[PDB]
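Accompanying notes for the structure given below.
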2 protein chains.
Amino acid sequence: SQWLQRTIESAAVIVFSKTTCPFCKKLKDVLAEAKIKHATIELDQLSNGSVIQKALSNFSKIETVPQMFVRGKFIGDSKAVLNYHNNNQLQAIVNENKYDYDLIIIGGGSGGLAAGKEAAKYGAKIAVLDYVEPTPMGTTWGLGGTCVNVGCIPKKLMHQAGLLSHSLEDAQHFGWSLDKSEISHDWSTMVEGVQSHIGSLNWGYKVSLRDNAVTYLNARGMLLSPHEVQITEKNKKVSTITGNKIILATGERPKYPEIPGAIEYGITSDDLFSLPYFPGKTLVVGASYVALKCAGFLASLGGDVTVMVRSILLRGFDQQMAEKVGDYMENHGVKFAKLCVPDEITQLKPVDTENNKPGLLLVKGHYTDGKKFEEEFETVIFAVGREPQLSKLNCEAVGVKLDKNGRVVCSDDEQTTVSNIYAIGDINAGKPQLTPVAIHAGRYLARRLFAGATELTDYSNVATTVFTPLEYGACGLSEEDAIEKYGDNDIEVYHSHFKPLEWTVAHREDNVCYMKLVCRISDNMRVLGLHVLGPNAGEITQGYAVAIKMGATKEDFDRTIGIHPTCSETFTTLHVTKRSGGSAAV
Amino acid sequence: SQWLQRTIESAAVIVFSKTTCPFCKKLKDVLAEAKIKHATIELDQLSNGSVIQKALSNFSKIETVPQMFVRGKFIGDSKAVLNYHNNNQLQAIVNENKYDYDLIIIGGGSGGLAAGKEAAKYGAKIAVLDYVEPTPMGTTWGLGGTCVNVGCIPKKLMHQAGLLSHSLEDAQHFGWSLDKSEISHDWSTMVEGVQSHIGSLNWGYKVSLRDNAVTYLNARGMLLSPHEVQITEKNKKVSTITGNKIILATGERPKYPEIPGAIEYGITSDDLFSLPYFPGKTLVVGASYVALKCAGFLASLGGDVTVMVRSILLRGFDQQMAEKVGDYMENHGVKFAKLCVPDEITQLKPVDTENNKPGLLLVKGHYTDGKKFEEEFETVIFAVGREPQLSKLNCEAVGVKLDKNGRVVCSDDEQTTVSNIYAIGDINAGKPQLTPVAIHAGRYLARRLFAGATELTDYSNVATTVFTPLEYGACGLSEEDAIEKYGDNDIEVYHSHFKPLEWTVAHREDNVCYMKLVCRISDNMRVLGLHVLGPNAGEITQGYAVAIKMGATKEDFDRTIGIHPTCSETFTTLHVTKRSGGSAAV
Ligand SMILES: Cc1cc2nc3c(=O)[nH]c(=O)nc-3n(CC(O)[C@H](O)[C@H](O)COP(=O)(O)OP(=O)(O)OC[C@H]3O[C@@H](n4cnc5c(N)ncnc54)[C@H](O)[C@@H]3O)c2cc1C
Ligand SMILES: Cc1cc2nc3c(=O)[nH]c(=O)nc-3n(CC(O)[C@H](O)[C@H](O)COP(=O)(O)OP(=O)(O)OC[C@H]3O[C@@H](n4cnc5c(N)ncnc54)[C@H](O)[C@@H]3O)c2cc1C
């Protein structure tokens with residue numbers, strides 16, 4: 001409509017087609033033959049194809065299909081394009097570009113490359129810029145950004161190492177003759193295994209870009225203008241490349257509290273996953289999910305672990321669930337300094353760089369009542385949040401609006417305040433900071449830009465899992481958010497404790513695993529929020545995310561039959577409401 | 001309509017009410033105080049509530065709420081009931097009953113007690129009869145039927161014991177200093193733990209009934225007439241109880257091949273889960289899920305196991321998945337005798353009871369080409385199916401029709417050929433033979449009988465899981481059933497192999513785990529069947545079964561954001577179709 005204008009202007013190569021057109025087939029065939037990638041709109045498959053079809057004439061003077069366009073320019077019908085092909089002019093035609101690239105992606109984590117690959121599918125010439133600025137202590141890593149190198153992957157693996165600890169304890173109860181008390185964990189062995197897989201993922205990412213004819217540049221990018229990006233390469237060589245669309249996907253880096261010794265002596269999660277030695281007696285500063293995930297596996301690997309909590313656990317998360325996650329960790333080796341903040345870190349012993357041992361630090365802090373905190377630790381980890389650094393990008397002078405937190409202010413289609421610039425992933429203000437969200441948005445946007453797609457990313461009801469020793473899966477609203485949003489008398493919570501069959505013989509807790517469904521009474525008992533604390537919580541939660549996406553109700557869960565025996569089946573037979581005051585025990 | 005008539009006719013105690021009527025609140029409160037349980041139809045919550053309220057006068061001669069009925073008789077309004085209460089006549093009135101019981105349930109396994117507990121909710125006086133006839137070697141057990149004693153619970157527990165073997169192997173790779181090769185397993189220790197848990201379940205089942213004021217008699221039941229049941233108690237005392245409604249829920253028992261040596265020398269799953277000694281070198285006859293589940297954990301516990309397969313694995317399941325399941329087992333030590341059946345079993349050595357060891361058995365059989373089979377085993381397990389035993393219930397004389405397999409024939413509301421007699425669980429012909437189905441169907445039936453419910457059980461797309469060493473979860477159609485039902489050109493199959501992140505560091509198989517969605521093109525790529533082979537298949541599959549119940553399409557799956565990192569998230573990004581010929585490999 002006007003959709004057509006935008007579509008024709010921004011597509012690199014696009015064919016307007018109908019599935020019942022043998023000339024369309026022929027055209028598509030020669031493009032496949034010539035190995036030319038392009039978008040394709042099948043007008044017969046759109047409810048308004050006829051309107052679009054007629055409207056094509058304003059760009060090409062014709063109303064028939066197929067019609068092929070390259071960067072806003074009409075190239076021809078079937079016969080016209082076959083001529084170019086037979087005459088060896090087509091490659092030049094499809095490669096004619098006023099910019100160096102159709103698309104320049106700044107940042108090589110989860111979002112950018114997902115967007116790059118997707119865009120390259122439709123013939124967009126694409127560059128991905130990635131540069132990893134080292135941690136204060138000099139830690140650096142390869143392509144794939146946060147998740148691949150210092151996030152989801154190493155976390156989950158170390159988490160599993162942690163879980164295997166519990167299985168070692170449990171095996172005796174299942175008839176296995178194993179004394180856990182003569183078994184030790186070797187941190188180095190674990191770290192090598194982890195770093196091995198990461199390195200494979202680094203290369204995987206490189207190869208993947210290469211396989212999609214996406215250009216990878218290991219360089220720091222900076223915006224000079226809406227279409228000009230300055231790059232600084234390893235050799236300190238500086239140059240300029242131009243692009244039509246620009247995607248900002250630079251992610252964030254961990255914050256350090258502004259206290260003496262923090263930068264010099266502490267580490268963050270950025271360093272943890274490649275640490276040469278077991279952290280030893282550890283203080284984790286922070287109470288986000290990263291803080292607790294790390295505290296948890298370190299404890300499970302037999303570390304002496306303290307978690308310093310400024311206010312509450314898992315801000316943003318259902319607070320009942322947060323408390324249970326915390327209570328589980330406290331009962332399984334993790335100590336909490338509640339309502340406490342650090343004031344300084346001092347060094348008592350340096351790292352033992354020739355025996356592979358940590359040093360020793362003195363941490364001074366205070367509780368909210370003014371009482372002093374003072375304790376020794378071999379390692380201090382800061383998990384007090386993450387921040388973007390788009391200052392170095394020259395965003396604002398190029399006209400990109402940032403919010404008070406330094407994040408990019410975007411419309412619902414990822415568009416910044418500069419029309420050809422977009423942002424995805426962690427730097428996109430207000431969006432859930434998860435990897436599959438970055439990837440999903442990245443792919444959807446690329447389709448809107450280069451294939452004429454109109455589907456927006458839906459950021460609502462994005463399921464999550466916190467991989468604490470007892471995992472916490474969640475999809476949708478927290479109880480207190482649903483009550484805030486809809487009022488108490490419109491909210492029903494169905495809940496139940498449960499005990500995994502596996503825990504029974506292993507003599508583990510009754511009534512620690514717990515799940516609930518928060519529901520809107522007025523909306524046919526609509527499922528607003530799903531929450532489960534238990535093993536494999538992520539595998540449990542995922543399937544339900546689809547049902548919730550589809551607008552699942554309590555009746556939809558009830559009418560579904562359980563798989564037995566599983567933890568998950570408990571969601572299909574919940575009946576005790578909180579309002580009833582009935583016991584949720586097993 | 002006539003719904004109102006049926007409801008009043010079969011309800012034990014029922015109150016017609018409105019949420020906004022304080023006299024209704026008042027009445028319900030005195031009933032509660034009196035500990036009188038009843039059904040409640042809140043009329044202002046039924047779209048035809050105004051109709052029903054008028055319709056009630058045909059019974060009570062009044063059109064106001066509350067109205068209370070006992071066993072078909074109008075008892076009074078709020079004032080009349082409170083009058084009986086203050087005259088100390090209320091208990092006597094609600095207990096008046098022409099039969100000993102409102103409901104008699106013959107069989108105390110999965111369905112029976114679920115139905116029993118549910119009916120007691122609404123004031124139905126209920127007996128649950130359970131009796132366990134011992135195996136041929138004299139194995140007996142307590143309450144809770146097959147699942148609790150010789151089914152799902154012991155099976156899964158031992159599966160877990162088996163899985164721990166891989167966990168021990170894996171832990172070495174995650175840094176734990178343990179040599180799996182020097183760790184032994186003790187059958188008895190395991191069996192002690194399992195039986196201890198099974199015992200606490202028997203007890204739980206007994207207490208549960210008691211707490212619900214359901215009478216439990218450990219007796220064998222027999223129909224004498226549509227309302228009379230003969231019970232035979234432990235002391236061989238014989239008597240007759242009467243009931244208004246009867247539910248048959250008597251389950252099935254394992255079958256034996258009609259060959260010499262079978263009964264005398266072999267065992268079945270009824271015996272396995274409490275065997276005094278480890279099976280040893282073992283033949284498993286049969287190829288159903290029970291055969292393979294058992295064979296699998298026996299192998300994982302270091303057993304020498306052979307499975308004898310008459311024709312195929314998992315008849316009734318998707319044969320591609322079946323083959324992958326089998327291949328996995330063969331690769332991890334299960335031997336298969338394919339296209340083979342046994343002809344006789346001979347004893348070579350008797351069971352050694354003073355040493356607590358299995359004996360030795362010669363098995364002779366034959367393959368489909370005639371070639372002979374002759375091998376020695378210490379234990380032969382038959383898993384060749386289950387059969388009902390409704391011979392002893394006297395169905396024929398009373399008029400309850402059975403099919404050719406001796407299972408009860410029932411309409412879609414579980415009713416038998418005798419109007420007041422119903423059948424649930426494994427004996428209900430043509431229903432999914434699974435524990436949660438029995439339970440669900442039981443609970444729904446009790447509501448239709450005693451709480452005026454109208455909801456029938458939907459037996460379609462019931463999800464299952466086979467707890468083989470590598471698990472297989474499924475929901476909906478197999479590919480072959482889908483193709484046969486809809487035509488090849490209307491069926492699209494998306495699939496992908498995957499590697500659990502946990503398997504990376506553990507150095508487990510590339511490209512063995514596998515998932516697929518079987519979809520119908522004509523119907524908006526409707527998901528007809530989901531299949532997944534990998535760890536925790538049951539936890540993964542469960543959530544999707546709600547989405548499938550809701551009519552999920554492929555686009556519903558696609559637009560759901562994955563939880564990362566998990567196995568399940570692979571479902572939200574399937575793109576490779578079988579039709580495309582593209583590789584499903586990671
Ligand atoms: C410890 C931890 C655990 C986590 N666990 C999970 C989890 O289990 N599940 C989950 O869904 N999410 C998890 N996350 C969140 C997560 O992984 C991020 O959401 C994801 O990495 C964001 O992807 P991104 O592409 O937006 O940014 P990033 O992955 O951070 O990548 C951006 C890249 O751009 C680079 N860059 C920055 N500036 C420039 C520049 N000027 N020029 C060129 N390149 C630049 C950066 O170095 C970086 O490599 C975790 C995060 C952390 C810190
Ligand atoms: C080895 C094995 C593993 C299994 N694993 C699973 C699984 O992982 N998941 C799953 O969903 N299903 C599983 N099943 C299926 C399963 O357990 C049954 O589907 C379930 O028990 C059916 O419930 P039921 O109440 O109909 O029958 P039952 O549980 O067998 O109960 C019937 C009870 O009534 C008793 N009875 C019989 N006659 C009389 C009489 N005249 N008087 C009084 N009492 C009587 C019986 O002794 C029995 O106790 C498994 C089955 C087996 C054999």
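Here is how names work: the chains are called A, B, and so on, in the same order as the sequence lines, proteins then strands, and each is numbered from 1.
No more than 12 heavy atoms of other residues, nucleotides or ligands lie within 6.0 Å of CD in A:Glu555, so this atom counts as exposed by the packing criterion. Within 6.0 Å of the CD atom in A:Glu484, the count of heavy atoms belonging to other residues, nucleotides or ligands does not exceed 12. Around NZ of B:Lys117, the count of heavy atoms belonging to other residues, nucleotides or ligands within 6.0 Å exceeds 12.
When atom types are taken as modelled, the side chain of B:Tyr544 and the backbone of B:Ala463 share no donor-acceptor pair closer than 3.5 angstrom. B:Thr541 places a side-chain N or O within 3.5 Å of a backbone atom of B:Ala537 that can act as its donor or acceptor partner. Remark: the backbone N or O of B:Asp102 is not paired with any side-chain donor or acceptor of B:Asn244 at under 3.5 angstrom. Put simply, the side chain of A:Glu480 gets close to the backbone of A:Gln319: a donor and an acceptor are under 3.5 Å apart. Between the A:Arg520 side chain and the A:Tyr486 main chain, no donor and acceptor come within less than 3.5 Å of each other. The backbone N or O of A:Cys513 lies less than 3.5 Å from a partner atom in the side chain of A:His497, making a donor-acceptor pair. Without hydrogens or angle criteria, A:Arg526 side chain to A:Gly551 main chain gives a donor-acceptor distance under 3.5 Å. Remark: the backbone N or O of A:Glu539 is not paired with any side-chain donor or acceptor of B:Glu539 at under 3.5 angstrom.
For A:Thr553, the side chain to side chain donor-acceptor pair (under 3.5 Å) partners are A:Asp556, not counting sequence neighbours. Listed by chain and number, the residues in a side-chain contact (heavy atoms from CB on, under 4.5 Å) with B:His85 are B:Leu90 (sequence neighbours excluded).
Minimum heavy-atom separation, A:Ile540 to A:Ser568: CG2-OG, 3.8 Å. Taking both residues in full, the closest heavy atoms of B:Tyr122 and B:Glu118 are given as OH-OE2, 2.8 Å, listed atom of the first, atom of the second, then distance. The two residues A:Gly473 and A:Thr465 have their closest heavy-atom pair at CA-OG1, 3.7 Å. Counting all heavy atoms, side chain and backbone alike, B:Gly144 lies closest to B:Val148 at O-CG2, 3.2 Å. What you find for A:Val532 and A:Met321 is that their closest heavy atoms are C-CE, 4.1 Å.
Here the straight-line distance linking atom NZ of A:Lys554 with atom CG of A:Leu528 works out to 13.5 Å at 0.5 Å rounding.
B:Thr560 and B:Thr572 are not linked by any side-chain donor-acceptor pair at a separation below 3.5 angstrom, with hydrogens and angles left out of the test.
The aromatic rings of A:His495 and A:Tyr514 lie perpendicular to each other, with more than 60° between the two planes, well past the 30° mark. Taking the six-membered ring where the residue is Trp, B:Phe69 and B:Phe59 present perpendicular rings, their angle passing 60° and hence far from 30°.
Sorted by first and then second residue, the pairs that involve residues 449-459 of chain B and meet side-chain hydrogen bond (donor to acceptor under 3.5 Å, both in side chains), not counting sequence neighbours, are B:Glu414-B:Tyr459, B:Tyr444-B:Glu455, B:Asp458-B:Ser460, B:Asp458-B:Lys549.
Sulfur-to-sulfur, B:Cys147 and B:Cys152 sit under 2.5 Å apart at their SG atoms.
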